[PDB]
Amino acid sequence: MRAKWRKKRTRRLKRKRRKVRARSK
Amino acid sequence: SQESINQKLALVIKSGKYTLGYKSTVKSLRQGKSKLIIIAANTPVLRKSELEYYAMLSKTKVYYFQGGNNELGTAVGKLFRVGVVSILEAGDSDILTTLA
Amino acid sequence: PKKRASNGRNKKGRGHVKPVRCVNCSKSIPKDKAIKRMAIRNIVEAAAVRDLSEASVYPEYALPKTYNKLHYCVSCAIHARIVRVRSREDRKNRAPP
Amino acid sequence: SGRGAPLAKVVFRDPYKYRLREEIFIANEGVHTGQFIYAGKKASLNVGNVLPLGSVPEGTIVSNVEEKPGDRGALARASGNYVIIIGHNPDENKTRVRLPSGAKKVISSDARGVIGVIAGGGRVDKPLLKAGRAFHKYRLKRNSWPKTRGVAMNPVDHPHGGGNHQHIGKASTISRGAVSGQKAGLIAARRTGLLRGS
Amino acid sequence: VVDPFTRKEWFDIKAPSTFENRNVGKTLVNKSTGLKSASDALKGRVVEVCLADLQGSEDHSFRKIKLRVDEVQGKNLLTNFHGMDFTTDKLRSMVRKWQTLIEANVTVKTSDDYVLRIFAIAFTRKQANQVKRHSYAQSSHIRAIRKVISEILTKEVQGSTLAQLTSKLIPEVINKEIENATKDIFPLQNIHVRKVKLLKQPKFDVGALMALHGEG
Amino acid sequence: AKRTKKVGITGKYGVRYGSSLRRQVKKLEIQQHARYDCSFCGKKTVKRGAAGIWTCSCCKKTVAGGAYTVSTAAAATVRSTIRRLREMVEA
Amino acid sequence: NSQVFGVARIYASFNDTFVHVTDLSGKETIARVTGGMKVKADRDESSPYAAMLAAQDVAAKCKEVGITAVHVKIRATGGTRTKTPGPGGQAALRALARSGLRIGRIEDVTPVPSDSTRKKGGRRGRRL
RNA sequence: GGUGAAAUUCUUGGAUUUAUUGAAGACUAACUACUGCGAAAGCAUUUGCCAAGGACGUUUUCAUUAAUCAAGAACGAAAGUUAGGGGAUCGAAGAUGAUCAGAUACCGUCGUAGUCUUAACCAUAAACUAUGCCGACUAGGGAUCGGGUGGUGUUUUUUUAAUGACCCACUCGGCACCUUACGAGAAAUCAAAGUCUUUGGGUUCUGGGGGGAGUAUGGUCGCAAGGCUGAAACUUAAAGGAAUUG
Ligand SMILES: NC[C@@H]1O[C@H](O[C@H]2[C@@H](O)[C@H](O[C@@H]3[C@@H](O)[C@H](N)C[C@H](N)[C@H]3O[C@H]3O[C@H](CO)[C@@H](O)[C@H](O)[C@H]3N)O[C@@H]2CO)[C@H](N)[C@@H](O)[C@@H]1O
Ligand SMILES: NC[C@@H]1O[C@H](O[C@H]2[C@@H](O)[C@H](O[C@@H]3[C@@H](O)[C@H](N)C[C@H](N)[C@H]3O[C@H]3O[C@H](CO)[C@@H](O)[C@H](O)[C@H]3N)O[C@@H]2CO)[C@H](N)[C@@H](O)[C@@H]1O
Ligand SMILES: [Mg+2]
Ligand SMILES: [Mg+2]
Ligand SMILES: [Mg+2]
Ligand SMILES: [Mg+2]
Ligand SMILES: [Mg+2]
Ligand SMILES: [Mg+2]
Ligand SMILES: [Mg+2]
Ligand SMILES: [Mg+2]
Ligand SMILES: [Mg+2]
Ligand SMILES: [Mg+2]
Ligand SMILES: [Mg+2]
Ligand SMILES: [Mg+2]
Ligand SMILES: [Mg+2]
Ligand SMILES: [Mg+2]
Ligand SMILES: [Mg+2]
Ligand SMILES: [Mg+2]
Ligand SMILES: [Mg+2]
Ligand SMILES: [Mg+2]
Ligand SMILES: [Mg+2]
Ligand SMILES: [Mg+2]
Ligand SMILES: [Mg+2]
Ligand SMILES: [Mg+2]
Ligand SMILES: [Mg+2]
Ligand SMILES: [Mg+2]
Ligand SMILES: [Mg+2]
Ligand SMILES: [Mg+2]
Ligand SMILES: [Mg+2]
Ligand SMILES: [Mg+2]
Ligand SMILES: [Mg+2]
Ligand SMILES: [Mg+2]
Ligand SMILES: [Mg+2]
Ligand SMILES: [Mg+2]
Ligand SMILES: [Mg+2]
Ligand SMILES: [Mg+2]
Ligand SMILES: [Mg+2]
Ligand SMILES: [Mg+2]
Ligand SMILES: [Mg+2]
Ligand SMILES: [Mg+2]
Ligand SMILES: [Mg+2]
Ligand SMILES: [Mg+2]
Ligand SMILES: [Mg+2]
Ligand SMILES: [Mg+2]
Ligand SMILES: [Mg+2]
Ligand SMILES: [Mg+2]
Ligand SMILES: [Mg+2]
Ligand SMILES: [Mg+2]
Ligand SMILES: [Mg+2]
Ligand SMILES: [Mg+2]
Ligand SMILES: [Zn+2]
Ligand SMILES: [Zn+2]
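Residues numbered from 1 in each chain as written, not as in the entry; some residues may be left out. Chains lettered and ligands numbered in written order. Part of a larger assembly, values for the part shown. Heavy atoms only, no water.

The deposited coordinates, according to the entry record, derive from X-ray crystallography at 3.3000 Å resolution.

Draft legend 1. The arrangement of the overall build of chain E in detail. Secondary structure assignment for chain E yields 6 helices and 8 strands. Secondary structure elements of chain E occur, N-terminal to C-terminal, as β-β-α-β-α-β-β-α-β-β-α-α-α-β. Overall size of chain E, expressed as C-alpha extent along the three principal axes, is 70 × 40 × 30 Å. Within the span of chain E, comprising 216 residues, buried residues form 45% of the whole. Carbon and sulfur atoms provide 51% of the accessible area of chain E, an area that totals close to 11000 Å². Placing the 36 positive and 24 negative side-chain charges of chain E at their respective mean positions leaves the two points 8 Å apart. (Helix = DSSP H or I, 4+ residues; strand = E, 2+ residues; numbered from the N terminus. Buried < 20%, exposed > 50% of the residue type's maximum accessible area, 1.4 Å probe, protein only. Areas by Shrake-Rupley, 256 points an atom, 1.4 Å probe, with all protein chains shown as cover. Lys, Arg positive; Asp, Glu negative; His and termini not counted. Charge placed at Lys NZ, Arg CZ, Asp CG, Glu CD.)

Draft legend 2. Region of interest: the interface of chain C and chain G. In this complex, chain C contributes 26 residues to the contact, which on the side of chain G involves 27 residues. Carbon and sulfur atoms supply 53% of the area that chain C and chain G bury against each other, a total of about 2300 Å² over both sides. At the surface where chain C touches chain G, the tally comes to 2 salt bridges. Of the charged contacts in the structure, one is a salt bridge between C:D51 and G:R98, with a shortest N-O distance of 3.1 Å. Between chain C and chain G we count 16 residue pairs in polar contact in total. No other element matches helix α1 (residues 48-55) of chain C, which puts 5 residues into the side of chain C that touches chain G. Classifying every residue of the side of chain C that touches chain G by side-chain character gives 16 nonpolar, 5 polar and 5 charged. (Contact = heavy atoms within 4.5 Å. Buried area = accessible area lost by both parts, 1.4 Å probe. Salt bridge = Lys/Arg side-chain N within 4 Å of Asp/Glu carboxyl O. Polar contact = N/O pair within 3.5 Å; in protein donor to acceptor, adjacent residues only side chain to side chain. Nonpolar A, V, L, I, M, F, W, Y, C, P; charged D, E, K, R; others polar.)

Draft legend 3. The arrangement of the sheet that holds strand β1 (residues 18-20) of chain B in detail. Residue and element names in this part refer to chain B. Read from one edge of the open sheet, 4 strands run β1-β4-β2-β3, paired in mixed fashion. Each end of this open sheet is capped by a strand with a single partner; those strands are β1 and β3 (61-64). On average, adjacent strands in this sheet sit at an angle of 15° to one another, irrespective of strand direction. Note: strand β2 (residues 36-39) against β3, 4 bridges, orientation parallel. (Pairing = 2+ DSSP bridges. Axes fitted to C-alpha atoms, helices over the stretch in contact; angles between N-to-C directions.)

Draft legend 4. A look at the side chain of G:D23. On the secondary structure map, G:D23 appears in the loop between β2 (17-22) and β3 (29-34). A relative accessible area of 0% means that G:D23 is categorised as buried. Among the polar contacts made by the side chain of G:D23, one reaches the side chain of E:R45 at a distance of 3.3 Å.

Draft legend 5. Inspection of the sheet that holds strand β7 (residues 104-105) of chain D at higher detail. All names here are of chain D. The strand order across the open sheet formed by 6 strands is β3-β8-β4-β5-β6-β7, and the pairing between neighbours is antiparallel. With partners counted over all chains shown, the strands left at the sheet margins are β3 (50-52) and β7, one partner each. Pairing of strand β6 (residues 95-98) with β7 involves 2 bridges; the strand directions are antiparallel. Opposite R98, over in β7, you have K104 as the bridge partner.

Draft legend 6. Region of interest: the arrangement of the chains. Among the 6 pairs of chains that make contact, the interface with the largest number of contacts is formed by chains D and F. One thing to see here is that chain B and chain E don't touch, and their nearest C-alpha atoms sit 15 Å from each other. Structurally, chain F and chain G remain out of contact, their C-alpha atoms never closer than 24 Å.

Draft legend 7. Looking closely at the environment of F:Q31. All names here are of chain F. With respect to the helices, strands and loops of the structure, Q31 is situated in helix α1 (residues 19-33). Separated by 36 residues in sequence, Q31 and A67 place their C-alpha atoms 9.4 Å apart. Those residues within four positions of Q31 in sequence are excluded, and the remaining contacts are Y36, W54, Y68 and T69.

Draft legend 8. Up close: the packing of helix α2 (residues 22-30) of chain B against helix α3 (residues 45-58) of chain B. All names here are of chain B. Their axes nearest at 9 Å, the elements α2 and α3 cross at an angle of 20°. Between α2 and α3, the interaxial angle falls into the category roughly parallel. Regarding α2 and α3, the two cross each other, and that crossing is left-handed. Each of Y22, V26, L29 and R30 in α2 lies in contact with α3, whose residues at this interface are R47, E50, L51, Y54, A55 and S58. Within the contact of α2 with α3, the residues separate by chemical class into 6 nonpolar, 1 polar and 3 charged. (Parallel < 35°, antiparallel > 145°, perpendicular 65-115°, else oblique. Left-handed = near helix turned anticlockwise from the far one by under 90°.)

Draft legend 9. Spotlight on the environment of G:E107. Relative to the helices and strands, G:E107 is located in strand β5 (residues 102-108). With near-sequence residues (within four places) excluded, G:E107 lies in contact with E:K64, E:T87, E:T88, E:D89, G:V72, G:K73 and G:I74. Among the polar contacts listed, one links the side chain of G:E107 to the side chain of E:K64, at a separation of 2.6 Å.

Draft legend 10. Geometry of the protein's contact with RNA strand H. Among the 88 residues in the neighbourhood of RNA strand H, the closest are listed as C:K36, E:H134, E:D184, G:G26 and G:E45. A breakdown of the atoms of RNA strand H within 4 Å of the protein gives sugar and phosphate a share of 74%. One of the backbone nitrogen or oxygen atoms of E:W98 is found 2.7 Å away from a phosphate oxygen of RNA strand H. Sorting the residues of the surface near RNA strand H by element identifies α1 (3-22) of chain A, β3 (35-42) of chain C, α4 (139-159) of chain E, α1 of chain F together with β2 of chain G as the ones contributing at least two each. The biggest single contributor to the surface near RNA strand H is α1(A), with 7 residues. (Near = heavy atom within 4 Å.)

Draft legend 11. Molecular detail of the interface of chain F and chain D. Listed as interface residues are 32 residues of chain F and, on the opposing side, 28 residues of chain D. A combined buried area of about 2300 Å² lies between chain F and chain D, and 70% of that area is made up of carbon and sulfur atoms. Linking chain F with chain D are 1 salt bridge. Across the side of chain F that touches chain D, the residue classes break down as 18 nonpolar, 9 polar and 5 charged.

Draft legend 12. Spatial organisation of the layout of surface pockets. All names here are of chain C. One number sums up the size of the second largest pocket: a volume of about 1500 Å³. Lining the second largest pocket we find 32 residues, and of these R9, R37, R86, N93 and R94 sit closest to its centre. Contributions of two or more residues to the lining of the second largest pocket are made by β3 and α2 (74-79). At 3 residues, the largest contribution of residues to the lining of the second largest pocket is made by β3. Here the lining of the second largest pocket is built from residues that sort into 12 nonpolar, 4 polar and 16 charged. (1 Å grid on protein atoms, 1.4 Å probe; cavity = no way out; pocket = protein on both sides within 12 Å on 5 of 7 lines; lining within 4 Å. Points joined across faces, edges and corners; volume = space filled by probe spheres on them.)

Draft legend 13. How the structure looks around the packing of aromatic side chains. Tallied over the entire structure, the rule returns 8 aromatic pairs over all chains. Considering the side-chain rings of G:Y11 and G:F18, the 5.4 Å spacing of their centres and the 5° angle between planes classify their relative orientation as stacked. A connected cluster of aromatic rings, assembled from ring pairs, spans D:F135, D:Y138 and D:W145. Just above the ring of E:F62 sits the side chain of E:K90; from NZ or CZ to the centre is 5.3 Å. (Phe/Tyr/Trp six-rings, centres within 6.5 Å; stacked < 30°, edge-to-face > 60°. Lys NZ or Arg CZ within 6 Å of the ring centre and 35° of its normal.)

Draft legend 14. Spotlight on empty space enclosed by the protein. On inspection of all chains with the given rule, the structure shows 2 cavities of 30 Å³ or more. Here the largest cavity defines a volume of roughly 50 Å³. In terms of lining residues, the largest cavity is bounded by E:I13, E:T27, E:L42, E:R45, E:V47, E:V69, E:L77, G:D23 and G:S25. Among the residues making up the lining of the largest cavity, the classes are represented as 5 nonpolar, 2 polar and 2 charged. Roughly 40 Å³ of internal volume is contained in the second largest cavity. Among the elements that make up the lining of the second largest cavity, the one with the highest residue count is helix α2 (residues 48-65) of chain G (4 residues). Tallied by class, the residues present in the lining of the second largest cavity amount to 8 nonpolar, 1 polar and no charged.

As structure tokens, this is what we get:
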């Protein structure tokens, strides 16, 4: 898949991963 | 190519003598020792006309500065600010004849 | 690998040229790029010029011209064959046809 | 007090008797103590001066402008308000102007207005930030504050006041032909909801 | 079904007398009957005819002139000088690559109290034996040139009224003083007065309006 | 003696009210409290009180201002259009 | 010379042709007829035969109103738009010789900005 | 109106078209070029002001004061963020009309944020010449920008002498270009990408099979979006470059 869109794809992954980790306070 | 004013004033500043401010300028006006007076743009029309009438009496050239008293004080190179400048001697500058 | 040493078209020592809009696509494209062929036309053309000069007053008159400079982006200019594809050394020649 | 738009007190000399006559004008932002205000159709075009409306060129901005000649001013009195003259008329002494609400209204070119836009600046930008700051806001105005929500009252106190959950229960948009005591909520409402209309 | 033209009253158009040919053509107006007569939308109209048609000498073919109707008198309407354009084809035809295009204007009020801003357009040419491919002018040339282009554009419009410049531009008197002045800086092919725009106007007075009309 | 880092003047408000609101106040709070230039005497003596009015602490002249600052930006863009449409009518 | 005069302003879109005749000062129009009248297409509103079939039905009233000779004024859409005349515009100007109206003094009114507002279509272009 | 064709929508409250006058906001056409300037990002209406910069000219002055740089710092397209001002146009989101098997699109009409500005952030772009800076050395060729020198060259006035512009020769300093390969390279190509196994003028930065991955973690900066820094486990024989023939 497009280079650019792999970037946007993991930029969404890092947001969700920050959010789940946040629940650990 | 053109001296503006402040170059002419910078030469007036260290060549011949001068005094600065309303009070002292009135002295020079009352003694006829004043060749020119420069009036900052923001001085009140009361002082402006009191200086204009004082000056036409003794027949001293009058010049209206284009800036306020803040820029004029740095135009004579002084650190404070001044509302009116009297030119006691032109020294190595002109201003008296040239273009004014 | 580099196809051209103008790379698309000539800049050579500037940072930018304010891009221009295409006269067909509206596609944006730097002014240094963007094929521009000035086009002047007769105000009349065809065989109109005959019975038009007939129908007019004024002696013999004179004919005005429309003045337009059209700017073209590659994708359009090639499709509309304002410009065509050339060979490895054919592309090289900058002389106008 | 209770006005966020400073007032300017202008003395005049009584034309028909030897006395001083003081006037209360809404200061126009740049009006200043000691300045000379000029008032009339022959008066110049300068901030602080009051002029007939036909007597200014279109594009001119003005405040405290009379809706009909000599009512001593209505439109654009609030802090930071102005009205722009959008055109004039040969017939019937008419200007036409755009009011701060945005609706354009055609009034008499003999009506007056003062040149400028009222002082008091961007006052509503600053957040009230506190209950008390809104408390003193209305202590000097009128007692509308604080406001208890009709949906929070009992049915006796408000049409909304139906309980057991907190909900209005019937359309919150009331007719115009509605009767005093039924009118609460969105009154003539043309449409409703978030717009985003620039 | 109806036909507006039944009821249409026809009028004759009188140019100013600072020109030569004063017969423009027949304009039409709706009838003069009660409720908004026909001197209403006649009076303010603005016409544009070619300077080759006004002077009769076709040497002026590329210069359009705006002619403002002022007064309507006895089924005969009278006008005055409004503005002057260059048309298009000629103006664009003068624009050629590999040379400097110069533009200028200045605001000047006249003695008859017409406030004017009038535009000039110039270019630059190869001279004689020049092998240099292009015509370009140095920027410190184009500066004082455009200056004196306006300094000449001032003193001519300033000293006289509009009725004089209406006849000053016809021979292109002003252009010749620009080739006389800027001879000393750069060659400068194609000097003109491209546009004059009439901003401020006095009112009526029919003493400069009839210093125009009634004679032709 | 750096004291605060972000808040400054709005440290008085402690933890209360929320960042953006506290932050928006500090802006105008600093504007209204600032000393400004007298267009008349030519000193920075212009102080506020009573939003909308501004005076000089020496020459004693009072200018109708903006609410939290001396010049409404939109009102200077008025003074222009007023001065402009005046100079058109008187020329 | 004689020749009662009018001004015939022709505007050729790529999607239609405007044929408009007025008096000298542009206020009172004489007649205006366009290609979108004389054919049923939506395709042919700009047709060369359309704009030729236009000047025809103009001319019947042009001599009938009394405009014997006419100037000619041509423009494309201009401004930020195509700037290049439509298909029927030149098949109109010529068809004005099939009238008997006397042409003179041709000029081009296409609006040409000093570098105006942004163009329609959005950068990456109109793509098909 | 609009397209390939249409539809959306606008309209006998007169739509598109016409004229006169006015308002707001953007943009700065044509001229505009293998031309200019700047450290880059970038910069294109006139005049004024404020300071700045190169090259050149020079039988001034100082006399090693310099070169390149971890740290640290200034500036930094666009989108984006917080506020007001603004809001003409274009226009993410969206709403639609069409299109297709479908069509969350391409095409069409409208349109929020945006676009514009002020104050404050953000510090990323194929931010490209995908090519570090300083110094020397090795080759021919014409165009051109700026400066200087020599032209008892030229042209327009009224010393046909004088400030100009043009021609010609020379010489620095520029943006490029052409031919040759002297060389070099995997080649494409290159006056440097040469002076390299006949391997060293000085100096800064980076890279070490493909993935995993600019991920995880810590730190730090940011209001946030994010930026900077930046692993390992594990997996894999190819991945890749240039050129050739199909
Ligand atoms: N804070 C300064 C400005 O305030 C205004 O924002 C406020 C208003 O626009 C908006 O509407 C408020 C309404 O909620 C509140 N209950 C009453 C207030 N009068 C309203 O304001 C509204 O009506 C006034 C006239 O009354 C209009 O002039 C104004 O344009 C309109 N927005 O409520 C916003 C606050 O909740 C500006 N629109 C905004 O851009 C900016 O924040
Ligand atoms: N750095 C520039 C150098 O110029 C050198 O010399 C060049 C020029 O300086 C020299 O002068 C040429 C002249 O020969 C030729 N016959 C006519 C040409 N106009 C002249 O050029 C001259 O005029 C042009 C404008 O016309 C100016 O741009 C240029 O600066 C000037 N020197 O001629 C050369 C071109 O044929 C070398 N070409 C080279 O070292 C390098 O390019
Ligand atoms: Mg990458
Ligand atoms: Mg933990
Ligand atoms: Mg000089
Ligand atoms: Mg010097
Ligand atoms: Mg005093
Ligand atoms: Mg480029
Ligand atoms: Mg770039
Ligand atoms: Mg209470
Ligand atoms: Mg509430
Ligand atoms: Mg409540
Ligand atoms: Mg209850
Ligand atoms: Mg009840
Ligand atoms: Mg209830
Ligand atoms: Mg309950
Ligand atoms: Mg309960
Ligand atoms: Mg609830
Ligand atoms: Mg509820
Ligand atoms: Mg109910
Ligand atoms: Mg003013
Ligand atoms: Mg069509
Ligand atoms: Mg139709
Ligand atoms: Mg039909
Ligand atoms: Mg295609
Ligand atoms: Mg259909
Ligand atoms: Mg109509
Ligand atoms: Mg331009
Ligand atoms: Mg560093
Ligand atoms: Mg940006
Ligand atoms: Mg932005
Ligand atoms: Mg947000
Ligand atoms: Mg607004
Ligand atoms: Mg649109
Ligand atoms: Mg959508
Ligand atoms: Mg299927
Ligand atoms: Mg399938
Ligand atoms: Mg579906
Ligand atoms: Mg379906
Ligand atoms: Mg779309
Ligand atoms: Mg918003
Ligand atoms: Mg990077
Ligand atoms: Mg590039
Ligand atoms: Mg890089
Ligand atoms: Mg030179
Ligand atoms: Mg070895
Ligand atoms: Mg590796
Ligand atoms: Mg990252
Ligand atoms: Mg991290
Ligand atoms: Mg390959
Ligand atoms: Zn295109
Ligand atoms: Zn003061």
